[PDB]
Amino acid sequence: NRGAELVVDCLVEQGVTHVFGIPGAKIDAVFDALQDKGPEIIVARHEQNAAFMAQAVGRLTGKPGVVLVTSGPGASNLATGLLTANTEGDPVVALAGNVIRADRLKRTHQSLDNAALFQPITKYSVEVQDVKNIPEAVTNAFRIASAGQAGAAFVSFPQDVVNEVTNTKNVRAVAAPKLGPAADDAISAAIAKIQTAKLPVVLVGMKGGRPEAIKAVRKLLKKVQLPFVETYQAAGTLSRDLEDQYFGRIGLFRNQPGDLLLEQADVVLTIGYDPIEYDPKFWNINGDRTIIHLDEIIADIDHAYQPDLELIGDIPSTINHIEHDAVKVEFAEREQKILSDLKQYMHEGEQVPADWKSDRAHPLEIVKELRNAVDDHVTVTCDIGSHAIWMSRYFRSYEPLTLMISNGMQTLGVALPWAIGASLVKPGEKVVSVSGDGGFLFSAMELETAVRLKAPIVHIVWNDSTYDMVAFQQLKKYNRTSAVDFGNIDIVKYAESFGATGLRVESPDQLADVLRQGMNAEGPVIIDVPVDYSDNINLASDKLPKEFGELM
Amino acid sequence: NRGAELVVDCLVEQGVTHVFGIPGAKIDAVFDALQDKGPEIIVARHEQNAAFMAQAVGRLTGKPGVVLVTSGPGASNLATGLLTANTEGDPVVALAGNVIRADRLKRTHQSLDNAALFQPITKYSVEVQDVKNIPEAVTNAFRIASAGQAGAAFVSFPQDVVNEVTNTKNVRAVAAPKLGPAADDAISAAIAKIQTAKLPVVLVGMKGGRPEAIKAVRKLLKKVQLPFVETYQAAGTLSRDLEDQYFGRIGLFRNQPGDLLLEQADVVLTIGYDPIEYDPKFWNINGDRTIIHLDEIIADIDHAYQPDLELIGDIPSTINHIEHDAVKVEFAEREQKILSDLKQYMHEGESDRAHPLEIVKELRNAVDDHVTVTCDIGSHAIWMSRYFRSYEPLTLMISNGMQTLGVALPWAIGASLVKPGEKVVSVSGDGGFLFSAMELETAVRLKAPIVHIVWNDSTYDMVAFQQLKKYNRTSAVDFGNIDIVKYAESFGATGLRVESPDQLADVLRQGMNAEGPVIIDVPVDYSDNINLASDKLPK
Amino acid sequence: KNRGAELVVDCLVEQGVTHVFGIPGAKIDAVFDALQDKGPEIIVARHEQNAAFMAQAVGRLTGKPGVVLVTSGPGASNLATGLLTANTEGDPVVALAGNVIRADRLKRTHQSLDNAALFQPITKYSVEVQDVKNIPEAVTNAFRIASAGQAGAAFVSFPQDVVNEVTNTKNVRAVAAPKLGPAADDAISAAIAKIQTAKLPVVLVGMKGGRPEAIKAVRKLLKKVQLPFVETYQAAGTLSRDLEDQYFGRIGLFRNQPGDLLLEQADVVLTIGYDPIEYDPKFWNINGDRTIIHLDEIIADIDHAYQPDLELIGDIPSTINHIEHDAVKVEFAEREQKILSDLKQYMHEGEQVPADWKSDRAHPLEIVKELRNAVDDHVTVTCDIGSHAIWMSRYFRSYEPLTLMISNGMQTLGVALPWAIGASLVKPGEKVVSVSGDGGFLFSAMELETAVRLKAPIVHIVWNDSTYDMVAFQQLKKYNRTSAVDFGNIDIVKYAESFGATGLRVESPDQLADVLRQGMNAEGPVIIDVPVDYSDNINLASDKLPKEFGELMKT
Ligand SMILES: Cc1ncc(C[n+]2csc(CCOP(=O)(O)OP(=O)(O)O)c2C)c(N)n1
Ligand SMILES: Cc1ncc(C[n+]2csc(CCOP(=O)(O)OP(=O)(O)O)c2C)c(N)n1
Ligand SMILES: Cc1ncc(C[n+]2csc(CCOP(=O)(O)OP(=O)(O)O)c2C)c(N)n1
Ligand SMILES: [Mg+2]
Ligand SMILES: [Mg+2]
Ligand SMILES: [Mg+2]
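Take a look at the structure:
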């Protein structure tokens, strides 16, 4: 019963089932303590992927995912991982080791100021300097990682602290509390402003993408019949019932129907809106608009964002109090016409161009065939790139937490490790991950962990042989691409070398059969599907806002 | 004519030959400027390895390696990379982008305090907030990265700053100056203590592992005939002439002849000694000895390290002034016997699979002296660090500061670019391999003549055997195997395999004569590893 | 003309700032120049520390952030302790400081440092604006964060070229920080349930319970349910004269109070806005399992001695009201009534001067009482740090919200007098009383010029013993000897007159009552030198009371 046991004791109380990590000499006492009791250790092939996996656990379970690494380069490898989780509202607790307290100021092996390093990228970055303080520090980490808004917590343990034998008792895993609903006066005022609105619309954001949030949002949308829009991490709010009120997903560029829908609005209700997904300077422009901020925390005042009302409190509760006293909105003919046109423009946008001819599959063809090959309840984790732009915009998701996208840091390589984390959260279910050919290699080494776990993952690789998202953004600004090209690899040979299944779409017509082959395959499968990116530049085309400008 | 050009203008003037990086929306303006002029861009497969490559360029060329990344996750991926370079005396300049100055406080895509993040892990972390300040900020970053002790410098560029058009002129790339040698009276006082010493020993350290230092160290060792020892990053100090005065490499555990040699000495002269490689509480113990600190910067006072003399100045110059007025030391009979027994003990220290010691030697005999050999981190690195002889400066590169996993392969890639047309050998573990194995694509793309050796045991053994000595059980050290040959072939590279311990020498030669990147899978018996921490030898 | 500096003033206008405390400088002068055309009144301070203190006092009294404006370099670095104090004591403060131009920000140039990096670990919000357009946003969010629970300090740094930069940027609406709804309904119901079933339920009113609107609601709860309650030092003023029979003093510093013994005997403790800085839970929540109910605007910090069984997070007054609405009077059993009776008795004996007392100087308890009797309930009393503060914090009764201000977070020396000046600006035309030690006096005594300049009606009481006594008696108790606590005397009367202020002196303990009335009736700043006998001070850390109660209870 030494300090390392205390760390494990906390993990038990927090109900931690899995720990992702990589052992080392400085953190060895805690890994040793985990052999006697505590959660199952998932050994990672890189601490970055260990942090990503934990993030996936966080977003899916609502409870902090736990990552355990050693001092020095082990700790510093969690940097990007935690930074992503901290900016994308995913509860993660990081446990890292450090050199002994007596040599903490010295130039010794793997020593640095851990707490100072993770300070600007976490909600909580502390280093325990007394063994008695372990149960407190770790508990407060779990609570703070979870408390709205969710984020990353980092706890550093000097080696002599985790090895120290102590008679210190454990501490109760007091659950993070939930707020009450927003102020009654604030809700009453909000209902009033929505009822008097000529065209009210709902902007569902990050924290609205929580399951219980989605549950309450849907009840509201059905009763009041408001047209709504999603941010990328709000994917899954849409139901097939609410398809007639759905106006797509806003993000990246102001050239979507939702942006035009938001423009026409006179009252906008934002739900759990972290502006990181889409800056308000992009959508809230052109005329005085009423903004009602509903969130678990106060609003960030921007030039383009100055809420006329703030409903701060538990997001689902606050929505419930609104939905109860709200009544159906009747739209005038003019507003109905606008909604009709936008829904028309929206449908026109989801279609492959008529003049299309190619040896490869169009991105929309890859999107459509994938959704029809994947059940609604199946979790799909997506990477970042041009492929991500298509997925975020056109891949429909009808259930909470089934389309995971990195819309905070837009970190390359998140797809596959999220999928591995997701499969452990939902055992016995197939999990689909989508990535680019460039972003793939960022975390492809974690495929060994997949085969080892026999995880039912289907990884789709959009093959263009370039960092295209940077490329077409270079062409639009400088009329030339720079440092976006790299060599190709045999993706099938790559998979097979890890002990996984590798398939390949040789022709655009084989797409449907290859996908279903993978969805029925056993174990991890990587799928190489070449794509034609000649239409990608139109993702930033302002043709659509122009057409609607003239029509108005 | 805009801020991005200024960054490149500095890179030109600094004589930067290569920039390793990955583009992004915020830093693309500088990537755009590199199309018209400036160094050749090497697109990496991960910013971690791009930073590693730059570290190798720094360690090999003496001028800072440059890495250029984007905002957000681009910047934060440099964390381990820069931290490694900063604690291992390798000059690196990192250039990262950031969000618009007007939105620097907002929750927007890829925003963080870049400068605040790299503060605890660099010698210099600044963020430029005015376009005029670019040539200054960049120039001083290079100077500080180079200045003793060398390390990592980080410069963050708001997107609007690199895109802003200005008529600001560039700034001259003033070279970091060299110090003069240590004080004359200080040099004389040191020489006095050495000639009167019964058993004087030289500890060549990190900053002694520099080329000009080694050249100057060797002249001192030949003339005075001093017994010396190496640290892991001091590999290459040994010459084939000086085999008779060499007493191995100290590190990791106190069970080496060197630890015992230093113990018996009464006066020890340390040269460019960073205590990060081996804490002085391990060797400077059993009895009072006089310590003379020779370095480019002052010493860190430790309980086991309190110098009686500090000769601070240019390392080679200070050494030359010693070598000039020093004379040969005659060793007494007792002391000569101690030196004799330990050199005997040294050789004394030197299955279905191949033994580690078999793999070290057979590689040395299969590899030319001038060929640079990069090593990763693990148990295999311990065998290499202790028994792989290097007879030329900068031919055995080891990460002895952070002990960072995955450094082997990208260092080799950086090296092939530094020494074009030369073969480069990299050694790594099977666990440490996948950390940066995706950078093999960059090697094949560059057609770099790299030879990678993978020690195959299927575990994180260095953690494993230290667990058995502490808790008598291993924890979280096991993982599955992969087909390394198929892996190589999938990248368009050559894959070989040692099926039997006798095939070792022939497979090695195949790779050394092969064209392009080659990976070699060699299985190892690690049942002997546990003796590395055995206290048998000191007893 | 519309320049960057104007945007800063425009924000202050929309925020409804009436006063700005500061000291001008070369880097921040553009904002000072802009304040000449429009904006709040500038209060020139004699040290930036006191400007931070005064701004803090305005925040604690008005609930809106007090504003402090300084220059680059040492001007900014002088705000360190001031802001650190406000940040740990729930007082809204916005600090606006200048810095060198963006082009020389990395250079060794005059008064350059990383302003933001310095104030990062001691404020809720420390940013530096690097674009003139971003000013109205940065500042507005600064005010909101400083006010948002838990209230604290925000620091905004302006490069000289940024505030001097001419820009056509529109201002941004001063959107008010919103209030939470009350705590969760099921959580409140569960709380009432655990309170009704309690043998001895007690309320611990803490820092955030000491706010006016909080106190209003707490009292209604206390009257209806008839719960015994206790105060922390910054919760002073919750007590009403109605509630005297349920009041059990103020816990703090040392565990030797009736309140500490009351909490020990309780089986259910309701904490209200309890920041543990004032008194760590390892001191009071000991010796047996107790049910803890954390009521606050933010979640709880889990300690070994503090692991709540229930958390009611939401607006503090609103949450209390829902409790008060559905709660009923608590009936105490015979055993519990006696425990309350004995403790209420022990409490009364503690507030009394010892019978064998004789001295040429005034006893601390005499100075407290005579001051309380010379001062109206509504008159704000600011207290400094030292042994005198212990007497005041424990024995000076306060019967209205925000009439006894104490620095109980950082325990910063010198806060008394500048707080009074800030108070004097908040309640113009009202007398303000400040209490300090002779050591803590000189830390900020130079602000006496600022009082005299404003002709503020302040009455400053200086406890004269000629030592750092609070350190001294704690040294004798730990080391059997004092170290570095002694210093020379100054003529406090002559000191006041030299600033143009009134100086009085209590030459004999009977003149005490008379001198105070003389001061309370004097015009302009008044300093009062009153000598004190500190021979009884060591009993403040005496463990006699817990010992007697230990024996009396084991009976
Ligand atoms: C760690 C990191 N580095 C750089 C970037 C910038 N970036 C955004 S998209 C992209 C390239 C994606 O390449 P790929 O995997 O091939 O997908 P594609 O764009 O081709 O669809 C890059 C480098 C990033 N978002 N994260
Ligand atoms: C980035 C990083 N993660 C973890 C460690 C801790 N560590 C030191 S050696 C080692 C395992 C080495 O495995 P391998 O590559 O197979 O070499 P081997 O032990 O088998 O010789 C680990 C995980 C480290 N030094 N750096
Ligand atoms: C800035 C600061 N310095 C030191 C202390 C420690 N301290 C607390 S009370 C005290 C001495 C108080 O002297 P005085 O004002 O004369 O009051 P007295 O103790 O005599 O009642 C000291 C030094 C502190 N709380 N803050
Ligand atoms: Mg691609
Ligand atoms: Mg291995
Ligand atoms: Mg005193």
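Note that the protein sequences, when read in sequence, are chains A, B and C. Under the numbering used here, the residues of the first sequence are numbered 1 to 552, in order. Under the numbering used here, the residues of the second sequence are numbered 1 to 539, in order. Under the numbering used here, the residues of the third sequence are numbered 1 to 555, in order. The beta carbon of each residue, even a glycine, is placed where N, CA and C say it ideally should be.
Is residue i near ligand 6, going by C-beta to nearest heavy atom under 8 Å?
i: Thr-467(C); result: yes
i: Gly-386(C); result: yes
For residue i, decide whether its Cβ has a neighbour in chain A, counting only Cβ atoms nearer than 9 Å.
i: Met-438(B); result: yes
i: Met-53(B); result: no
i: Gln-120(C); result: yes
i: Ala-148(C); result: yes
Would residue i pass as an interface residue toward chain C - the criterion being a Cβ-Cβ separation below 9 Å?
i: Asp-341(B); result: no
i: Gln-159(B); result: no
i: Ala-137(B); result: yes
i: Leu-242(A); result: no
i: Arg-143(A); result: yes
i: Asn-133(B); result: yes
Tell me whether residue i counts as near ligand 1, meaning its Cβ is closer than 8 Å to at least one heavy atom of that ligand.
i: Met-462(B); result: no
Run through the DSSP bridge pairs and tell me what residue i is partnered with.
i: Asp-302(B); result: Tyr-305(B)
i: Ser-436(C); result: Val-462(C)
i: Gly-65(B); result: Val-92(B)
i: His-294(C); result: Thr-271(C), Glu-311(C)
i: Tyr-278(B); result: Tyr-278(B) is not bridged to any residue.
i: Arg-504(A); result: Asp-528(A)
i: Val-171(A); result: Its beta-bridge partners do not exist; DSSP assigns none.
Please classify residue i: does DSSP put it in a helix, a strand, or coil?
i: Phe-253(B); result: strand
i: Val-371(B); result: coil
i: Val-20(C); result: strand
i: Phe-433(B); result: helix
Less than 8 Å separating the Cβ of residue i from some heavy atom of ligand 5?
i: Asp-528(B); result: no
i: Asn-456(B); result: yes
i: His-452(B); result: no
I'd like to know if residue i contacts chain B, where contact means its C-beta is closer than 9 Å to some C-beta of that chain.
i: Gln-130(C); result: yes
What distance in whole Å lies between the Cβ atoms of residue j and residue i, which are believed to be in contact at a cut-off of 8 Å?
i: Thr-412(C); j: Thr-380(C); result: Actually they do not touch by this definition, with Cβ atoms about 18 Å apart.
i: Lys-124(C); j: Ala-97(C); result: In fact, because the Cβ distance is near 16 Å, the residues do not count as touching under 8 Å.
i: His-388(C); j: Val-353(C); result: That pair is no contact at about 16 Å.
Cβ of residue i versus every heavy atom of ligand 4: is any distance shorter than 8 Å?
i: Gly-438(A); result: yes
i: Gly-205(B); result: no
State yes or no: is the beta carbon of residue i nearer than 9 Å to at least one beta carbon in chain E?
i: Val-165(A); result: Note that chain E does not occur in the displayed structure, where the protein chains are A, B and C.
Under 8 Å: does the beta carbon of residue i sit that close to some heavy atom of ligand 2?
i: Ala-25(A); result: yes
i: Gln-55(B); result: no
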